[PDB]
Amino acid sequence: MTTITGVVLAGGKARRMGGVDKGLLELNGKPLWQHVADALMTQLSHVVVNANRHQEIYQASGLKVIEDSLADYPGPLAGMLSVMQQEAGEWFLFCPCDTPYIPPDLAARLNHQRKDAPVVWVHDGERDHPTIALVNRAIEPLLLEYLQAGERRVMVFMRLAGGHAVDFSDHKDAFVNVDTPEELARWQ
């Protein structure tokens, strides 16, 4: 019964027994992933999180936690696909767990600027953020096909799928990434 599902991408792999769980690093006392989930819930009713480590911690805030298929596909697209395979509904707005300042018109502006494309993503004036992306259902089989072929490249997929960047360069700093604990310490 809603148009777009919000999805926090809180990562996969655990390639050495994890290391740092980025989504759980705390900014002003609140996990980065929750900053992102709260920003999505401002604009969307149904928000879920894709997480593959420490799932019980993610589950504590009461959102649905979606794990990756045992297929173990590489990179951010694997989590997008896992979520589409486990959630109904025609549209998904993905956002990595490390961009805590995303704005309340994210979904609105991406939707306004879609212009018939099945995927659009954010361009912040300086770079693409291809995993901050509004993605139609119809992308699911193409993603499955891409991943089964052993591919991983996100931008390449986004181009193959026929998407385009949407210009959010006027939103100063809403798309800053908090990539490491060292970076995080600067935003407290």
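Numbers for residues come from their place in the sequence shown, where the first is 1.
- Comparing the deposited coordinates for 129-137 and 27-35, the stretch with the larger average C-alpha B-factor is 27-35.
- Relative to one another, 59-67 and 144-152 have unequal mean CA B-factors, and 59-67 is the one with the higher figure.
- The residue among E87, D105, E90, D116 whose C-alpha atom has the highest B-factor in the PDB entry is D116.
- As recorded in the entry, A14 carries the highest CA temperature factor of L9, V166, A14, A174.
- Ranked against the other modelled residues of its chain, the C-alpha B-factor of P74 as given in the entry falls in the highest third.
- Sort the chain's modelled residues by C-alpha temperature factor and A51 lands in the middle third, per the entry.
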